[PDB]
Amino acid sequence: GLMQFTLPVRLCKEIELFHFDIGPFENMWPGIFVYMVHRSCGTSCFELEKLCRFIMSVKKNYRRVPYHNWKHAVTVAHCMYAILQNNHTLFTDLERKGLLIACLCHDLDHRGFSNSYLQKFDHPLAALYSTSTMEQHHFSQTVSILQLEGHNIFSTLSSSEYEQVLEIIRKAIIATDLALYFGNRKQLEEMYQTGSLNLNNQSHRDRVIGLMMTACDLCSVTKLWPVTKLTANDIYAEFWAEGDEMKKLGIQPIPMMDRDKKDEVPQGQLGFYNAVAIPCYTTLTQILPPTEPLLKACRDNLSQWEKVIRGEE
Ligand SMILES: Cn1cc(-c2ccccc2)nc1/C=C/c1nc2c(cnn2C)c(=O)[nH]1
Ligand SMILES: [Mg+2]
Ligand SMILES: [Zn+2]
């Protein structure tokens with residue numbers, strides 16, 4: 001186990017900063033993810049032979065959709081990595097493992113369509129799992145992959161270590177359901193401001209890890225303007241597709257998903273940052289101050305949307 005990964009000096013340096021873009025080179029991403037595993041957890045956390053086969057089974061099962069794809073998976077994994085490196089005493093050796101594996105599997109086998117659209121299309125998955133449909137699907141594929149002859153990266157763990165980490169990953173993936181985020185933050189809000197929040201409380205840790213997971217998923221809004229602007233495209237490319245399929249079911253889609261209502265995007269982005277991203281990072285920073293760069297960035301991008309509305313870009 002004396003193999004390290006190293007990265008070109010520029011990547012080596014930039015990868016530690018929250019706003020790091022993993023670049024257009026698909027071939028390097030798995031290096032970048034192992035790289036984060038080693039520096040974030042240690043060199044013998046996982047057997048390499050096995051991690052390299054688990055990372056590639058994962059890639060294979062993420063489809064070619066505009067946003068909900070392999071680059072997403074990895075972008076989200078780096079952001080949890082960033083979070084963990086800047087808070088390196090608040091997380092256990094099990095939670096540092098699981099959470100990065102969670103982030104890479106958090107959207108396995110996404111089709112590009114929302115839990116809304118499965119249920120109205122009457123997809124089979126919406127029969128097998130009433131709520132958090134996709135997310136429960138994604139956790140299912142994570143464990144599918146894990147039981148493939150050769151792929152069990154957690155092999156070496158004790159019974160309770162292993163049983164615990166699958167329960168960290170399960171709650172982590174399910175907390176990426178943006179439905180479930182609104183309630184979860186407002187609780188962490190009360191708890192923090194009444195000062196009853198306790199990190200030795202397992203039920204509280206969970207809520208917090210959930211907030212981390214939502215902060216990592218939305219991390220497109222914490223990048224430098226041009227990354228965030230170009231990611232927005234890939235996002236609306238999926239929304240409008242799902243909109244086209246709603247129309248085909250005889251259903252008029254919410255303006256967000258209607259491609260005939262492009263013009264009204266600058267406005268709808270505003271609502272989101274105000275209604276979701278700014279609250280999200282605001283709380284996360286009040287709980288974990290070394291994650292301020294995410295809130296500072298997010299506010300910068302809000303400001304840049306403000307400027308798109310005023311015909312200034
Ligand atoms: C709430 N919302 C409303 C609209 C919207 C409404 C009318 C016309 C055009 C757009 N656009 C959004 C934002 C969408 C969104 N942006 C996101 C997400 C992740 N990254 N970003 C920027 C996400 O999950 N949702
Ligand atoms: Mg998801
Ligand atoms: Zn995601």
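Every number here is computed from the coordinates shown, using simple stated rules; none is lab data. In this analysis, Cβ positions are derived from the backbone assuming ideal geometry, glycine residues included, and neighbour counts consider all displayed protein chains.
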>> I'd like the full set of residues that are closer than 20 Å to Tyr192 by Cβ and of a type outside the set (A, V, I, L, M, F, W, C), limited to the stretch 268-292.
In response: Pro279, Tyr281, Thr282, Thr283, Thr285, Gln286, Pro289, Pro290, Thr291, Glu292
> With (1) without any contact (Cβ under 8 Å) to a residue 24 or more places away in the chain; (2) under 30 Å from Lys120 (Cα atoms) as the list, and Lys307 as the residue in question, which single condition is left unmet?
Replying inline: (2)
> Picking from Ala277, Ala232, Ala241, which residue would you name as being buried (at least 16 other Cβ atoms within 10 Å of the Cβ), farther than 28 Å from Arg185 by Cβ and small (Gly, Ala, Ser)?
Replying inline: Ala241
>> Could you tell me how many of the residues in the stretch 110-127 are of a type outside the set (D, E, K, R), within 16 Å of ligand 1 (Cβ to nearest atom) and assigned to a loop (DSSP other than H, G, I, E, B)?
In response: 4
>> Cβ contacts < 7 Å: first residue within 13 Å of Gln85 (Cα to Cα), restricted to the stretch 35-62; second residue assigned to a helix (DSSP H, G or I) and small (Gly, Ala, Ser), any location; separation 6+ or different chain. Result?
In response: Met36/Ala77
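From the list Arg96, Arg63, which one is surrounded by fewer than 21 Cβ atoms within 10 Å (Cβ to Cβ) and under 23 Å from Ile15 (Cβ atoms)?
On inspection, the qualifying residue turns out to be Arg96.
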> In the stretch 149-195, how many residues are surrounded by fewer than 17 Cβ atoms within 10 Å (Cβ to Cβ), within 21 Å of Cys79 (Cα to Cα) and β-branched (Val, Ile, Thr)?
Replying inline: 0
>> So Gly42 passes all but one of these: (1) in contact with a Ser or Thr (Cβ under 9 Å, 6 or more places away or on another chain); (2) more than 17 Å from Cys103 (Cβ to Cβ). Which condition number does it fail?
In response: (1)
> Within the group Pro8, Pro30, which residue is surrounded by fewer than 20 Cβ atoms within 10 Å (Cβ to Cβ), over 20 Å from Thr291 (Cα atoms) and out of contact with any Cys (no Cβ under 9 Å at 6 or more places or on another chain)?
Replying inline: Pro8
>> What pairs come out if I take residues in the stretch 101-120 that are in contact (Cβ under 8 Å) with a residue 12 or more places away in the chain and pair them with residues that are of a type in the set (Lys, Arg) and surrounded by fewer than 22 Cβ atoms within 10 Å (Cβ to Cβ) whose C-beta lies under 8 Å away, six or more apart or interchain?
In response: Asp109/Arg63; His110/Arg63; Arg111/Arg63; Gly112/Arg63
> So which of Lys248, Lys261 is at negative phi, surrounded by 13 or more Cβ atoms within 10 Å (Cβ to Cβ), without any contact (Cβ under 8 Å) to a residue 24 or more places away in the chain and away from ligand 3 (no atom under 16 Å from the Cβ)?
Replying inline: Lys261
> On the given criteria, is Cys280 within 16 Å of ligand 2 (Cβ to nearest atom) and either in contact (Cβ under 8 Å) with a residue 60 or more places away in the chain or touching an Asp or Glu at 6+ places or on another chain (Cβ under 6 Å) (or both)?
Replying inline: yes
> For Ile145, all conditions in the list (1) in contact (Cβ under 8 Å) with a residue 40 or more places away in the chain; (2) within 15 Å of ligand 2 (Cβ to nearest atom); (3) in a helix (DSSP H, G or I); (4) not basic (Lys, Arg) hold save one; what is the number of the exception?
Replying inline: (2)
>> Would you confirm, using the coordinates I've provided, whether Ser160 is farther than 17 Å from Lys50 by Cα and either basic (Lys, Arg) or away from ligand 2 (no atom under 16 Å from the Cβ) (or both)?
In response: yes
